[PDB]
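Inspection log for the structure reproduced underneath, given as structure tokens.
Naming convention: chains lettered A, B, ... in sequence-line order (proteins, then strands); numbering from 1 in each chain. Note that these values count all heavy atoms, side chains included, but never hydrogens, waters or copies made by symmetry.
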Amino acid sequence: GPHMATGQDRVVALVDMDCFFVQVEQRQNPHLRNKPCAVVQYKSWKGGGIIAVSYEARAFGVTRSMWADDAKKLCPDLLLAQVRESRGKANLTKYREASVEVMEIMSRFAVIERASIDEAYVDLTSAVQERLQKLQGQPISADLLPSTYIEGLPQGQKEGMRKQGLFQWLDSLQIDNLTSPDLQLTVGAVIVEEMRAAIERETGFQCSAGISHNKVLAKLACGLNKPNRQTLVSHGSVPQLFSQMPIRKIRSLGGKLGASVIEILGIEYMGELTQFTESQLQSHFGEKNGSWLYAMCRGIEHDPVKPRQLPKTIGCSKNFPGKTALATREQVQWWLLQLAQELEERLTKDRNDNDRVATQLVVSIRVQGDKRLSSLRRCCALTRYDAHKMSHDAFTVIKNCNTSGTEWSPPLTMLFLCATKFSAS
DNA sequence: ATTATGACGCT
Ligand SMILES: [Mn+2]
Ligand SMILES: [Mn+2]
Ligand SMILES: [Mn+2]
């Protein structure tokens with residue numbers, strides 16, 4: 001009882017830009033704002049592949065990883081913005097730069113861990129403590145939480161419900177106890193309101209957020225109320241939330257491991273996990289997964305918010321599907337050069353912005369008819385930021401995959417170059 | 001013929 005630690009030591013937030021690429025294009029092109037619109041890559045094959053969808057377009061059924069011609073069938077007024085094309089491939093520079101704008105604002109409040117181009121985690125523990133002392137006993141007004149939902153409330157129109165739940169939460173709050181996890185989460189959500197207001201003020205981009213005691217709960221919370229809303233998931237709300245939460249909705253259980261949790265244990269929802277001992281879980285899923293599952297189904301996870309705002313690897317990738325697969329030597333060389341030229345541009349920009357050089361080049365290929373997504377991955381040294389040298393080395397390192405007797409066989413359906421192992425400059 | 005990435009575990 002008194003010695004069962006409840007994983008309530010931390011305040012952790014997950015901030016996620018709503019349909020991020022679409023917002024970047026909507027800021028640039030006002031004629032897209034407040035409309036069904038999506039962002040695509042390429043346009044010849046079925047109108048191109050959609051990778052981001054505005055909420056108005058989502059209400060028609062338009063989803064990511066859908067062909068544009070198909071989405072137009074669901075949403076005939078759909079508007080489309082196209083990813084930039086450079087050297088024959090998609091170039092995502094506009095979005096990496098918008099992402100960095102957002103990250104630099106978030107970093108003014110706390111230390112953040114960039115988790116993807118559009119989302120980061122925040123460790124607010126110190127910030128909440130500082131603020132809690134700044135109030136010196138003053139209660140938290142609902143006015144300070146204008147977009148916050150309290151998960152599990154009310155109990156016993158949408159904005160009316162939100163306000164009722166916030167009112168129940170605040171009325172039941174003990175503002176005098178500077179050590180109550182619920183008060184701490186609450187101050188964290190106030191700071192997250194301020195972070196999101198600064199982001200919208202200074203970039204125009206809207207975002208959702210989750211506020212909880214760890215990364216998995218913060219991430220799960222962020223998704224409960226989108227777009228443009230933030231959700232507080234308290235420790236106390238976990239048993240009811242998890243009691244109907246499909247296992248697959250938890251971060252890292254959406255694929256094969258979650259499928260086998262479901263199949264092996266004979267269960268559907270996160271909460272059923274609590275009925276197993278740690279040893280049973282470890283026996284089925286290994287010692288690490290076992291401990292992690294045993295704590296997670298009770299709302300507890302210790303994965304830290306890493307202080308890492310910049311990517312650890314810088315990569316360039318192009319698929320060559322169907323009949324576009326690269327079948328000759330000249331083709332493989334030209335596309336390796338195009339990839340290495342974009343990689344060189346991004347790496348030089350990186351070294352100048354962030355004072356660091358990569359030291360290792362990773363070359364990855366898929367061959368046609370190969371089941372795997374990486375038919376080969378081989379590393380070599382990266383000593384100078386020169387696109388010709390890097391493409392020549394990537395060739396030197398992949399060339400023994402050709403089984404021709406000028407030709408290339410099996411034809412290549414993917415090239416990939418990744419600069420890694422960064423060291424300060 | 002979702003594609004372009006990027007983190008992280010396993011051995
Ligand atoms: Mn997002
Ligand atoms: Mn998405
Ligand atoms: Mn995201």
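- Here the nucleotide nearest the side chain of A:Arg346, chosen from B:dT5, B:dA4, B:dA7, is B:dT5.
- Looking at heavy-atom distances under 4.0 Å, A:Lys46 makes no contact with the nucleic acid at all.
- Using a 4.0 Å heavy-atom cutoff across all strands shown, A:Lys323 reaches no nucleic acid atom at all.
- Between A:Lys256 atom NZ and B:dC10 atom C1' the separation is 14 Å, expressed in whole Å.
- The side chain of A:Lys89 places an N or O atom within less than 4.0 Å of a non-bridging phosphate oxygen (OP1 or OP2) of B:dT5.
- In this structure, A:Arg58 fails the cation-pi test against A:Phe60, since its NZ or CZ atom is not both closer than 6.0 Å to the six-membered ring centre and inside 45 degrees of the ring normal.
- Checked against B:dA4, B:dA7, B:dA1, the side chain of A:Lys312 finds its nearest nucleotide in B:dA7.
- None of A:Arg229, A:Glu159, A:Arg196 except one satisfies the side-chain hydrogen bond (donor to acceptor under 3.5 Å, both in side chains) rule with A:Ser147; the exception is A:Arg196.
- To the nearest angstrom, P of B:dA1 lies 16 Å from CG of A:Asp70.
- Between A:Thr313 and the phosphate of B:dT5, there is no side-chain N or O to OP1/OP2 separation shorter than 4.0 Å.
- Below 30°, between 30° and 60°, or above 60°: for A:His213 and A:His235 the angle between ring planes is above 60°, a perpendicular geometry.
- Centroid-to-centroid, the aromatic rings of A:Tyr95 and A:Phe20 stay 6.0 Å apart or farther.
- Among the atoms of the strands shown, only primed sugar atoms or phosphate atoms (P, OP1, OP2) are found under 4.0 Å from some heavy atom of A:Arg308.
- Using a 4.0 Å heavy-atom criterion, one finds that A:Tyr42 contacts the sugar-phosphate atoms exclusively.
- Residue contacts for A:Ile314: at a heavy-atom cut-off of 4.0 Å it reaches the sugar-phosphate backbone alone, with no base atom in range.
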